[PDB]
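Enquirer: Fold the following, please.
(2 chains)
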Amino acid sequence: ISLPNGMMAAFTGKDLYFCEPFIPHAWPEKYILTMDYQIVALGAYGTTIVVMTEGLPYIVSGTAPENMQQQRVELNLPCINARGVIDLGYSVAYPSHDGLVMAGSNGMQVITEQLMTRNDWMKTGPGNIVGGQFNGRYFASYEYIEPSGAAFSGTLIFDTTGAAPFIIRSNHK
Amino acid sequence: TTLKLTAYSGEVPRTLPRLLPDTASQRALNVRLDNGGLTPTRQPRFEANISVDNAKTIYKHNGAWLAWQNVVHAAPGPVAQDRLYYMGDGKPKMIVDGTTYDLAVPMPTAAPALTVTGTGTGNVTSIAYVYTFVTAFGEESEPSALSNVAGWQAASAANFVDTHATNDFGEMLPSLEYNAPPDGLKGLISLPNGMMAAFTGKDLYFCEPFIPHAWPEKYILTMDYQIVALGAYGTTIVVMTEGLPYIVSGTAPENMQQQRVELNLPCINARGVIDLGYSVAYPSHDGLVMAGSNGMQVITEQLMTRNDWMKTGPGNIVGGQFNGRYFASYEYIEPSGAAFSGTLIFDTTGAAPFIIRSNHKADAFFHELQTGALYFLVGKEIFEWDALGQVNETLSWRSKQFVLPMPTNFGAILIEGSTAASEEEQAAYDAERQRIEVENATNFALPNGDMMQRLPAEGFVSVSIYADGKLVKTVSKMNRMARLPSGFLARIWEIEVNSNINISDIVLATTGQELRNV
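Expert: Numbers count the residues shown, from 1 in each chain, chains lettered A, B, ... in the order given. Take a look at the structure below.
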């Protein structure tokens, strides 16, 4: 992913790597930061990075690759799907087992907890959520099979803009 | 004179029963209140069995289940390779590839420093060992050795070296500040910037930032009172003590500054500590309190009494987290010898926090973070919480004591709702039927066997009405108006709802024509 001050962020199986600020090909070993748990995907709001892990999400705040300080975030939710991560522009939303949750400058909030149940999110299936952004709306494509051989395929659009957030469904897998 | 029960809410025991909110109710047991109805909890399923009896802490690493007889805290290490550091078992110890080692690395084993002023000018001489520096585990320990020459304290004559094991001649700034993890360190938690936190009886220890095994003595921080457990919110640690809780703020182990917190409440139970993600909650004598970024708030002071919190018993609260809810398991003996066992779930999310009760005692709790699902040990087995593929459990919901302005008797009940139509509940019921048939077959072949042949389950609705503390009727008709008994006039009415299926709402009226009105 690209970063504000000019740099690139990459992760190994468990360690994140920071490239030379204005030199892309260089990936110094002294720039690397090691995090607990595996790393699924990376997102950025403002200057701070969202280190999205199989365990506790981590927030790395830095004006420079040398000046990096990872920080705990207000929610402890794993990142199940790497592809479900979408930079919605105002937040970084990654599907989780508890539900879709957005990481932004203002705070860390589980949008679906307001508008959808734990059971429905499990039945939708966070493992294979295809994510996308349109007009600041999170496009989630779900294709899961109900027991006894019933298959549901559709697109779940999440819009938080408005008086109250709601789900706009679609049927384009 | 209609009383209508819709949009059910949880239990708030710090309130007189008549003064509860309009949709708040007592004994919210085995109920999940999400959509606004009585959605039943699923029955736990037996996933795996534990080896050693009387397990107080359970953990899962990779596919295997780990349990220990002591309160053991385990967290992944900052190092790249997958490592588990669990230290509650007396001596700090480490698991690598399913093999347990000791976190402490013996001194004078991996690193030795020899220096002399006469070196590099005269051959031979030397004194074998001058100073023994601290050892470094790195990835392989007690296998390789490192030697450095600290002359006048990098590239020169290698000279003689010890032949005890394989050695390397590297000349870099020696990291002699490493120290072996002292015995008695109990609680280990992970930290943002990358480091480990552990505490002695009264002193907290800080490790080398990216080196888990090193526990330098200059990093240690001493606090007043004993230390019970550790929790982290943001970059700042919550030092939970037998006295005044302390907040340690720091970007690095060297730059550490402990701070007094806005509440003075001791931590009674170490196991009651759960990192709920948005705060760290530790049971206290006054009540359950969580430390968060916004501040320090005692949730129970809003929703529970001092008396009830004492009667529940904060000393032996088993704590757990599911969907951001604090699962507290309580087992206490009220006077004259009656045992109360159950699970108290605390959810603060919503307009007003409330207690959702459950009746599954848990010897220990484990929240598998990768796949969110609580694992609790009861009867020496591992059970999940409301796992998918199980039949719904019976729901208990006893309404607020409705003190009608005038004494009346009710003549209508409308129990709305739907039967099993999700087909996931139906599939779970079919699987339960298959298990019932299998046990029927295996018990039917006994050399014979009296009784057994247990009856299969069923979906029911059972609403019981308490007139003035006396059960007058139990109604099971659903989606169609039912009738109460007669001949009794009461003004303190309350409703208890029992069902394996979800129920939309309950409305009562003295006449069907009044039920027409609302």
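
Enquirer: Now residue A:113, what are its backbone angles?
Expert: phi -60, psi -30 (degrees, to the nearest 10).

Enquirer: May I have the residues that are in contact with it?
Expert: Counting by CB atoms under 8 Å, 6 or more residues apart in numbering or on different chains, residue A:113 touches A:98, A:99, B:349. All C-beta spots, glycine's among them, are computed from the backbone N, C-alpha and C.

Enquirer: Repeat the analysis, applying 6 Å as the threshold.
Expert: residue A:99 (CB atoms under 6 Å, 6 or more residues apart in numbering or on different chains).

Enquirer: Ok, residue A:19 next?
Expert: Residues in contact with residue A:19 (CB under 6 Å, 6+ apart) are A:7, A:8, A:27.

Enquirer: Equivalent analysis for residue A:157, please.
Expert: Contact analysis of residue A:157 by CB under 6 Å, 6+ apart lists A:137, A:139, A:168.

Enquirer: angle of whichever strand or helix holds the second one against helix B:424-444?
Expert: If I follow you right, that is residue A:139. Here residue A:139, judged by DSSP states H and E, is contained in strand A:137-146. Interaxial angle of strand A:137-146 relative to helix B:424-444 (axes from the mean of the first three to the mean of the last three CA atoms, to 10 degrees): 30 degrees.

Enquirer: Contacts for strand A:137-146, please.
Expert: In contact with strand A:137-146 (CB under 6 Å, 6+ apart) are residues A:88, A:93, A:124-125, A:129-130, A:132, A:151-153, A:155-159, A:173.

Enquirer: For that strand, which strands pair with it and how are they oriented?
Expert: Strand pairing for strand A:137-146, determined by DSSP bridges: strand A:130-134 (antiparallel), strand A:150-159 (antiparallel).

Enquirer: buried set for the longest one?
Expert: By neighbour count, and taking 16 or more other CB atoms under 10 Å in any protein chain shown as the criterion, the buried residues in strand A:150-159 are A:155, A:156, A:157, A:158.

Enquirer: got it, and stretch A:126-144?
Expert: Buried residues in stretch A:126-144, counting neighbours by 16+ other CB under 10 Å, are found at A:126, A:129, A:130, A:131, A:137, A:138, A:139, A:140, A:141, A:142, A:144.

Enquirer: Ok, stretch A:27-34 next?
Expert: Neighbour-count burial for stretch A:27-34, counted by 16+ other CB under 10 Å, picks out A:31, A:32, A:33, A:34.

Enquirer: what's the nearest residue to the first one if we skip its chain neighbours?
Expert: This means residue A:31. Nearest residue to residue A:31, sequence neighbours excluded (CB to CB, 6 or more residues apart in numbering or on different chains): residue A:18, at 3.7 Å.

Enquirer: Surely the one you found and residue A:65 touch.
Expert: Yes - here residue A:18 lies in contact with residue A:65, judged by CB atoms under 6 Å, at a distance of 4.0 Å.

Enquirer: State the number of residues packed around the residue nearest to residue A:31.
Expert: 24 (other CB atoms under 10 Å in any protein chain shown).

Enquirer: With residue A:40 instead?
Expert: 20.

Enquirer: Next: residue A:120.
Expert: If you count neighbours by other CB under 10 Å, residue A:120 ends up with 15.

Enquirer: so which strand or helix has it?
Expert: Secondary structure from DSSP H and E places residue A:120 in helix A:118-124.

Enquirer: Can you classify residue A:112 as helix, strand or coil?
Expert: Three-state assignment for residue A:112 (DSSP: H, G, I helix; E, B strand; the rest coil): helix.

Enquirer: Make sure it is actually in contact with residue A:101.
Expert: No - contact criterion CB under 6 Å: residue A:112 and residue A:101 do not qualify, at 7.7 Å.

Enquirer: Mind checking which of these two has more residues around it?
Expert: Using other CB under 10 Å as the criterion, residue A:112 and residue A:101 rank with residue A:112 on top: 26 against 22.

Enquirer: In chain A, what residue lies closest to chain B?
Expert: Distances between chain A and chain B by CB to the nearest CB are smallest at residue A:76, namely 3.1 Å.

Enquirer: Just give the number of residues close to that residue.
Expert: By the measure other CB under 10 Å, the count of residues near residue A:76 is 21.

Enquirer: what do you get for residue A:105?
Expert: By the criterion of other CB under 10 Å, residue A:105 has 10 neighbours.

Enquirer: Stretch A:96-105 spans what distance, first to last residue?
Expert: Stretch A:96-105 has an end-to-end distance of 19 Å (criterion: CA to CA, to the nearest Å).

Enquirer: List, one by one, the residues from chain A near chain B.
Expert: Residues of chain A lying close to chain B by CB under 6 Å from any CB of the partner chain are A:14-15, A:34, A:36-37, A:54-55, A:69-72, A:74-76, A:78, A:97-98, A:117-118, A:147-148.

Enquirer: Out of these, name the ones that lie in strands.
Expert: A:15, A:34, A:69, A:70, A:71, A:72 (DSSP state E).

Enquirer: and the last one, what does it touch?
Expert: To tie it back to what came earlier, the one meant is residue A:72. The neighbours of residue A:72, taking CB under 6 Å, 6+ apart as the test, are B:192, B:234.

Enquirer: Count the neighbours of residue A:2 for me.
Expert: 9.

Enquirer: no wait, residue A:56
Expert: Residues near residue A:56, counting by other CB under 10 Å: 23.

Enquirer: so what's it up against?
Expert: Listed by CB under 6 Å, 6+ apart, the contact set of residue A:56 reads residue A:76.

Enquirer: let's see it at 8 Å
Expert: A:36, A:37, A:72, A:73, A:76, B:190, B:277, B:369.

Enquirer: Which residues are in contact with the nearest residue to the second one once chain neighbours are set aside?
Expert: To tie it back to what came earlier, the one meant is residue A:37. Distance criterion CB to CB, 6+ apart; nearest residue to residue A:37, sequence neighbours excluded, is residue A:55 at 3.3 Å. Residues near residue A:55 by CB under 8 Å, 6+ apart: A:36, A:37, A:38, A:76, A:78, B:76, B:369, B:370.

Enquirer: and if we set it to 7 Å?
Expert: Residues near residue A:55 by CB atoms under 7 Å, 6 or more residues apart in numbering or on different chains: A:36, A:37, A:78, B:76, B:369.

Enquirer: ditto for residue A:167
Expert: Contact analysis of residue A:167 by CB under 7 Å, 6+ apart lists A:115, A:116, A:156, A:157, A:158.

Enquirer: Just confirm it is within a strand.
Expert: Yes - under three-state DSSP, residue A:167 falls within a strand.

Enquirer: Beta-bridge partners for it, please?
Expert: Counting by DSSP bridges, residue A:167 is bridged to residue A:158.

Enquirer: repeat for residue A:61
Expert: Here residue A:61 sits in beta bridges with residue A:69, as judged by DSSP bridges.

Enquirer: rewinding a little: identify the contacts common to residue A:18 and residue A:65.
Expert: Residues touching both residue A:18 and residue A:65 by CB under 7 Å, 6+ apart: A:7, A:31.

Enquirer: dump the residue contacts of the residue nearest to residue A:48 when sequence neighbours are not counted.
Expert: Spatially, and ignoring its direct neighbours in sequence, residue A:48 is nearest to residue A:61 (4.2 Å; CB to CB, 6+ apart). Shown in contact with residue A:61 (CB under 7 Å, 6+ apart): A:47, A:48, A:69, A:71.

Enquirer: now residue A:159
Expert: By CB under 7 Å, 6+ apart, the contact list for residue A:159 reads A:137, A:165, A:166, A:168.
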